[PDB]
Student: 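Provided herewith is a single structure, encoded as structure tokens, for subsequent inquiry.
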Amino acid sequence: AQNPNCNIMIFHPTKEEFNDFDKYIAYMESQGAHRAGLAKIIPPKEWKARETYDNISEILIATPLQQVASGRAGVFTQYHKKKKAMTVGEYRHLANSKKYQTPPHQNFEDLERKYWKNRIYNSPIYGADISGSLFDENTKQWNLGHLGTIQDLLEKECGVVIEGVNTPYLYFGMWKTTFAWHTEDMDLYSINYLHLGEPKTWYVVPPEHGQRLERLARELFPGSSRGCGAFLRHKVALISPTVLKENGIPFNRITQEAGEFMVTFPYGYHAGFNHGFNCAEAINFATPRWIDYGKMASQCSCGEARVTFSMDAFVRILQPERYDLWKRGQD
Ligand SMILES: O=C(O)CNC(=O)C(=O)O
Ligand SMILES: [Mg+2]
Ligand code: NI
Ligand SMILES: [Zn+2]
């Protein structure tokens with residue numbers, strides 16, 4: 001069995017290997033990369049996403065989100081308070097202000113320590129989930145707006161044509177902006193490209209051990225767990241590496257830098273934080289190996305998770321027994 005300890009693997013494809021996206025994902029899986037839940041892909045030196053980032057300041061962040069924490073430093077939830085619209089140039093200035101800028105630090109490990117010590121005492125503002133793309137249309141390799149769609153994959157594997165679309169999203173971050181513990185909708189893959197700026201630290205639980213994280217989360221968030229049998233779908237709970245280690249939960253960590261891709265694999269729980277002002281692009285995708293995970297994915301039906309239009313067909317076709325309850329939660 002390849003990668004039996006479920007370590008995060010780092011790949012360096014050549015320019016020839018960077019042509020065929022599906023083939024390279026399957027290659028990484030042949031080497032056991034999915035066992036970690038997360039892999040890093042460093043593009044060949046010949047590749048670029050676009051020519052420059054000099055002209056992005058007028059992008060609008062219609063609904064910036066202030067991430068307010070409750071709990072203790074290692075075990076907390078966050079809610080998202082909506083703020084007034086601002087441009088990416090305005091948001092960048094805000095991120096660099098004395099109130100929000102990254103503190104002085106020695107290295108990524110010192111900054112990680114500072115994040116976990118101090119996160120709860122601040123409320124950073126995240127420009128998340130903005131439909132759009134920063135890949136140039138002429139970039140033919142690993143262009144996150146030109147991937148094969150999940151609807152086409154379902155149709156190819158199962159024969160059923162469905163409605164829905166699959167487009168990328170932009171994330172503008174600052175110091176301490178946080179992504180809560182989650183797997184993707186319908187336990188899909190994700191791919192995330194860090195276009196510019198400061199790093200993103202990731203934590204990940206191997207898919208084979210996801211239920212250990214879920215059991216811990218029910219213990220640590222007992223009100224939330226009574227409210228919903230899949231409350232991590234709400235994407236609000238944080239648990240620190242120290243707390244995971246104290247509770248014996250298998251996990252790994254890695255820091256993504258600008259110019260690097262990360263892939264999350266089906267049912268790979270992940271969480272993390274941004275080091276300072278940055279911009280990422282991410283999208284969900286599927287492969288044949290996903291279908292079995294999609295059929296078994298948990299679902300939130302309490303009303304909180306509320307998701308895209310395109311998840312309807314995935315539930316309806318893959319999970320017909322659950323569909324009526326799930327759809328009630330959507331309405
Ligand atoms: O970058 C972020 O805030 C969160 N991204 C992801 O969870 C992802 O790419 O799957
Ligand atoms: Mg612009
Ligand atoms: Ni994710
Ligand atoms: Zn729920």
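When a residue number appears, it is its place in the shown sequence, counting from 1. The figures here come from the full heavy-atom set of this structure, side chains too, leaving out hydrogens, waters and symmetry mates.
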Student: Between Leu194 and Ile56, is there a shared hydrophobic cluster once you connect ILVMFWY residues whose side-chain heavy atoms come closer than 4.5 Å?
Tutor: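 Different clusters: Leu194 never reaches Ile56 through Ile, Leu, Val, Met, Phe, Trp or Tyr contacts under 4.5 Å.
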
Student: Would you list the pairs meeting side-chain hydrogen bond (donor to acceptor under 3.5 Å, both in side chains) in which at least one residue belongs to residues 97-111, sequence neighbours left out?
Tutor: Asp110-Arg113

Student: Which residues end up grouped with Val236 if you chain together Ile, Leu, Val, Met, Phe, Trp and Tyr wherever their side-chain heavy atoms are less than 4.5 Å apart?
Tutor: none

Student: Report yes or no: does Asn252 contribute a side-chain atom to a donor-acceptor pair with the main-chain N or O of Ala36 at less than 3.5 Å?
Tutor: no

Student: Is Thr201 reaching over with its side chain to a backbone N or O of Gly272, donor-acceptor style, under 3.5 angstrom?
Tutor: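 A pair under 3.5 Å: no.
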
Student: Considering residues at least two apart in sequence or located in another chain, which fulfil the ring-ring contact (aromatic ring centres under 6.0 Å, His included) criterion with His34?
Tutor: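 If we apply the ring-ring contact (aromatic ring centres under 6.0 Å, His included) test to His34, skipping adjacent residues, there are no hits.
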
Student: Hey, are the side chains of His80 and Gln66 touching, using non-hydrogen atoms and a 4.5 Å cut-off?
Tutor: no

Student: Quick one: are the ring centres of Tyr193 and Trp47 less than 6.0 Å apart?
Tutor: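 Centroid distance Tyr193-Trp47: below 6.0 Å, so yes.
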
Student: How is the hydrophobic cluster of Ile10 composed, in terms of its other members, when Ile, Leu, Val, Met, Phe, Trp and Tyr link through side-chain heavy atoms under 4.5 Å apart, directly or indirectly?
Tutor: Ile8, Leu38, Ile42, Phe179, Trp202, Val204, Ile254, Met262

Student: Is a side-chain N or O of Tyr203 found less than 3.5 angstrom from the main chain of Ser240, in a donor-acceptor match?
Tutor: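 Flag not set: sc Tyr203 to bb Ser240 has no pair under 3.5 Å.
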
Student: Got a sec, which residues hit ring-ring contact (aromatic ring centres under 6.0 Å, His included) with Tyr171, two or more places apart in sequence or on another chain?
Tutor: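 Not a single residue meets the ring-ring contact (aromatic ring centres under 6.0 Å, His included) criterion with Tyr171.
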
Student: Assert yes or no for the condition that the ring centre distance of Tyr189 to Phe265 is strictly below 6.0 Å.
Tutor: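 That pair passes the under 6.0 Å test.
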
Student: Mind checking what makes salt bridge (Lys or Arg N to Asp or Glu O under 4.0 Å) contact with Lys40, not counting sequence neighbours?
Tutor: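 In terms of salt bridge (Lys or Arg N to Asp or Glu O under 4.0 Å), with neighbours along the sequence ignored, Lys40 is linked to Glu260.
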
Student: Does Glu58 reach the main-chain N or O of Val88 with its side chain, forming a donor-acceptor pair under 3.5 Å?
Tutor: no

Student: Is any side-chain N of the basic residue among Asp187 and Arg233 closer than 4.0 Å to the acidic one's carboxylate O?
Tutor: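 Salt bridge flag = yes for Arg233 with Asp187.
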
Student: Under the 3.5 angstrom rule, does the side chain of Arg92 hit a backbone N or O of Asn278 as a donor-acceptor pair?
Tutor: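 Checked: no pair found.
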
Student: Under a 3.5 Å distance rule, please check whether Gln78 uses its side chain to pair with a backbone N or O of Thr178 as donor and acceptor.
Tutor: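 Side chain of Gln78 to backbone of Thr178: a pair is present.
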
Student: Is any side-chain N of the basic residue among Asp152 and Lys156 closer than 4.0 Å to the acidic one's carboxylate O?
Tutor: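 No, this pair does not count.
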
